[PDB]
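Read the single chain below, which is given as structure tokens and is the form solved without this ligand.
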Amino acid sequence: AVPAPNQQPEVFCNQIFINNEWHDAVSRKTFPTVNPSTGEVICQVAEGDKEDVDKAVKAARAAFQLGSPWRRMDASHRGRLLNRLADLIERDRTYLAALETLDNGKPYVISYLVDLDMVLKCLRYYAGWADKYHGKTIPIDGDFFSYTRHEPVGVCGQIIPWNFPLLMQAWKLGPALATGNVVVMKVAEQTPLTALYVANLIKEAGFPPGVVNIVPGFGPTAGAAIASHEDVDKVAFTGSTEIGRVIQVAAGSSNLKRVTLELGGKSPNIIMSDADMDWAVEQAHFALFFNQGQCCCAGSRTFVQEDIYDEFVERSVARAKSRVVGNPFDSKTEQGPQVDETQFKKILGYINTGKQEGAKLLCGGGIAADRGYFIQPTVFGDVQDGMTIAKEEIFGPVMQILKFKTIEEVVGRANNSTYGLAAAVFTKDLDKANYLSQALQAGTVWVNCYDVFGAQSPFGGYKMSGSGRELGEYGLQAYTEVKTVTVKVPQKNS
């Protein structure tokens, strides 16, 4: 069941959120957000900058003072508030899914059944951690009692991208709030609207003022101001590898804030000759084309063993040609537009690059519609490792298929990347599966599946794909500051 969408949802929230209230930018500036299916302006949104970030950081710091409501609140009650926020997002699920589709472009059926479902599951998962992330009592040498407190890291700056706007918001707020931190969040200028509506729900859930503050605006202004802020304790950034470097340098040049990064990839999807062909073709299609190709972990190097290459490619081209591109509010649509004009042009540039460098264009390759930013599902065959389209993240509906012979060969080729976000293996053989999952240098390895995210299992990069992990128990580590307390006692005994 998917409820019929409101195809022109009303916008209620379009300002800066600080201390549970809505503010214009100090400059009074606004910027337009565009509906990528039509190329039309949806509305204007407050354009936050350094001075607005400063206000937000001050508010968050005040909310974090010893003795404040948020610091004194029982950990279990932090869990109750996360569960209440999830209930309110569920109340407003049909609205939020439609607004997500309007601002981002992804199909409404997918916003509804996938993104919003995952948001609810992420928040509810982290609600349960709030009162369970224990410190330790430690049997130190000597006449002492030693223990650790797991305290919050403090004021957390969180910068999120446009590809999964609500889900990325949840992946950040869940662990940070479960562990009693306070947040200054910068949302993507391409997709600010759904995160701002969720701020209304944060207020309605009962979170104290200043615990979550959201500043819409641009990267070099608002994002940079968070990264360089002298009173932000920790930054978590999801976005390009290039900007990740900018964030880590900003941290080191300012106050030595702690940093985690979730960046791009060029993830390999390895199809052994003993794979289930029908399932491997469908899953390789999903692995690449999911979310208009705008997935950090997209399976954008599809390695296929030579004895099954021709058949796999024939089936993959047929499936790409059948993929329905169109109005994301139409239930038949499998692929909406790309998020914006900038991305649209970049993907057209990468398609031309693949043609220029001699990849075999097997289908697509062009613009799919007049209005908006729609690109045909595009498949390149006989891709070679030295090709730019085999090295660089394209972030669009452009599939690369490579041929290989041996399992030893494919490990080396899959690992010969400065990225390392994810990888997958399709095989029926126990030993091939264990060989490859061990050898692949990637933060997640899927076996006979792809893009299986669970709030319970961590996700993040090796190499230039990131540092730190999100989701799972691991997602709490970056949000905790550990204090050892070591007390002299009269006589220690076991």
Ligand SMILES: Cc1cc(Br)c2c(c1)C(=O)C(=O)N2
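Throughout, we count residues from 1 along the sequence that is shown.
Not on display, but discussed next: the form deposited with this ligand bound.
| field | Heavy atom of each of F164, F453 and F459 within 4.5 Å of this ligand in the bound PDB entry | value | Yes, the whole candidate spot contacts this ligand.
| task | Find out whether any non-hydrogen atom of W129 is located within 4.5 angstroms of this ligand in the bound PDB entry, and reply yes or no. | result | Looking in the bound PDB entry, residue contacts with this ligand do not include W129, since no heavy atom lies within 4.5 Å.
| request: Spell out, yes or no, whether the shortest heavy atom distance between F290 and this ligand in the bound PDB entry is within 4.5 Å. | output: Answer yes; at least one heavy atom of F290 falls within 4.5 Å of this ligand in the bound PDB entry.
| query | Might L81 be said to contact this ligand in the bound PDB entry, defining contact as any heavy atom within 4.5 Å? | reply | Outside the cut-off, so no.
| message | Whether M118 contacts this ligand in the bound PDB entry should be assessed with a 4.5 Å heavy atom distance threshold; does it? | response | Taking the distances in the bound PDB entry, the answer for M118 is yes, it comes within 4.5 Å of this ligand.
| Of the residues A359, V211, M168, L99, which one places a heavy atom within 4.5 Å of this ligand in the bound PDB entry? | If I apply the 4.5 Å criterion carefully, the residue I get is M168.
| Partner-contacting position among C295, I271, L402, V155 - heavy atom within 4.5 Å of this ligand in the bound PDB entry | None of the others qualify; the residue that does is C295.
| Contact stretch among 314-322, 297-305, 70-78, 378-386 - heavy atom within 4.5 Å of this ligand in the bound PDB entry | Answer to the contact question: 297-305.
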